[PDB]
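In: Return atomic coordinates for the entry below.
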Amino acid sequence: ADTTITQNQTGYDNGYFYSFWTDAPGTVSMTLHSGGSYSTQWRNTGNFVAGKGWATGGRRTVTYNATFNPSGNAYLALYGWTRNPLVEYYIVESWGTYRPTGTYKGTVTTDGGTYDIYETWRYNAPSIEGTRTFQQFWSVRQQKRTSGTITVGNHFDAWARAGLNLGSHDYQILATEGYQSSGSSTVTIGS
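Out: Numbers count the residues shown, from 1 in each chain. See below for the structure:
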C-alpha cells in the first residue's frame with residue numbers, strides 16, 4: 001500500500017511534501033509511510049537526495065527521529081534550496097564515511113549541539129533551475145546524531161552573520177543523501 005518512488009519526482013503524501021532526485025535510476029528507492037515518515041534504501045548508487053518536508057522552506061523548528069545506516073558516503077540533513085541567490089543548503093546531523101567540509105566560516109551552537117559552518121561551490125551541476133554553478137551553505141554537527149530538534153532560524157542567522165546570504169525559499173526536507181555508496185534510512189519529521 002505504501003507508495004515507493006524510484007524516478008525524479010516531487011509531490012505530497014499523508015499531508016507532507018516529498019522530493020526525490022537521483023542521477024542513478026534503479027539504484028535507490030524511497031518509500032512513503034504515514035504522517036511525516038519515509039524510508040530509503042540504496043545499492044551502488046551515483047547521487048541521490050530524498051525526503052519529506054515542505055514545499056516552501058522557512059524558519060521552522062523541525063523535530064525528527066531516524067535510523068541511518070549508510071555503508072559508505074551518505075548524509076542525514078535538513079536540506080533545501082533558494083533562488084535569487086541560487087543556493088543549496090544543508091544542516092548535517094549525521095554522515096557516513098565522509099564528514100562534509102568546505103571553506104571554514106565559523107561555528108553555531110543550537111539545539112544542544114555545535115555545528116561548523118562551511119561554504120562550497122558546485123560547478124556546472126544539476127540544480128533546481130537546471131545545470132548551474134552555485135553556492136552551497138553547510139552547518140555540520142561536530143558529533144553525529146539521529147534524533148532531535150533543529151531550530152532552522154539559528155542556522156540561517158549564523159550563515160547570514162558569516163556572509164552567507166539566502167534568497168527566496170523553495171523546498172526544504174529532512175533528507176537522506178547518498179554518494180557512490182549503499183545503505184538505508186528511516187526518518188520521521190514534524191514541526
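In: list the contacts for residue 181?
Out: Contacts for residue 181 (C-beta atoms under 8 Å, 6 or more residues apart in numbering) come out as 42, 45, 70, 71, 72, 73, 74, 96, 97. All C-beta atoms are positioned from the backbone trio N, CA, C, and that covers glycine.
In: Which entries within the residues you listed meet the buried criterion?
Out: Buried by 16 or more other C-beta atoms under 10 Å: 42, 45, 70, 72, 73, 74, 96, out of the contacts of residue 181.
In: for the residues you listed, which one is nearest residue 174?
Out: residue 74 (14.0 Å; C-beta to C-beta).
In: The closest one: what's its closest spatial neighbour, skipping adjacent residues?
Out: Counting by C-beta to C-beta, 6 or more residues apart in numbering, residue 74 lies nearest to residue 96, which is 3.9 Å off, once chain neighbours are set aside.
In: Among the buried ones among the contacts of residue 181, which lie within helices?
Out: Counting by DSSP state H, no part of these is found in helices.
In: got a markdown table for those, with distance to residue 128 too?
Out: Shown next, in a markdown table, are those (distance: C-beta to C-beta, whole Å):
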| residue | distance to residue 128 |
| --- | --- |
| 42 | 22 |
| 45 | 20 |
| 70 | 25 |
| 72 | 26 |
| 73 | 22 |
| 74 | 21 |
| 96 | 24 |
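In: For residue 34, list the residues it contacts.
Out: residue 14.
In: Between its first and last residues, how far does stretch 7-19 reach?
Out: Its start and end residues considered, stretch 7-19 measures 10 Å (C-alpha to C-alpha, to the nearest Å).
In: ok, now stretch 80-89?
Out: 5 Å.
In: Now tell me what touches that stretch from outside.
Out: Stretch 80-89 is contacted by residues 53, 57, 79, 122, 127-129, 132, 134-138, 159, 164-173 when judged by C-beta under 8 Å, 6+ apart.
In: which of these are buried?
Out: 53, 57, 79, 127-128, 134-138, 159, 164, 166, 169-173.
In: Name the nearest residue to the spatially most central residue of the chain, sequence neighbours excluded.
Out: Nearest to the mean C-alpha position of the chain, by C-alpha atoms, centre = their mean, lies residue 79 at 2.9 Å. For residue 79, ignoring the flanking residues on the chain, the nearest one in space by C-beta to C-beta, 6+ apart is residue 175 at 4.1 Å.
In: The one you found: which element?
Out: If you go by DSSP states H and E, residue 175 is part of strand 168-179.
In: List the pairing partners of the strand or helix carrying residue 21 within its sheet, with orientation.
Out: According to DSSP H and E, residue 21 maps onto strand 16-22. Note on strand 16-22: by DSSP bridges, its sheet partners are strand 9-13 (antiparallel), strand 47-54 (antiparallel).
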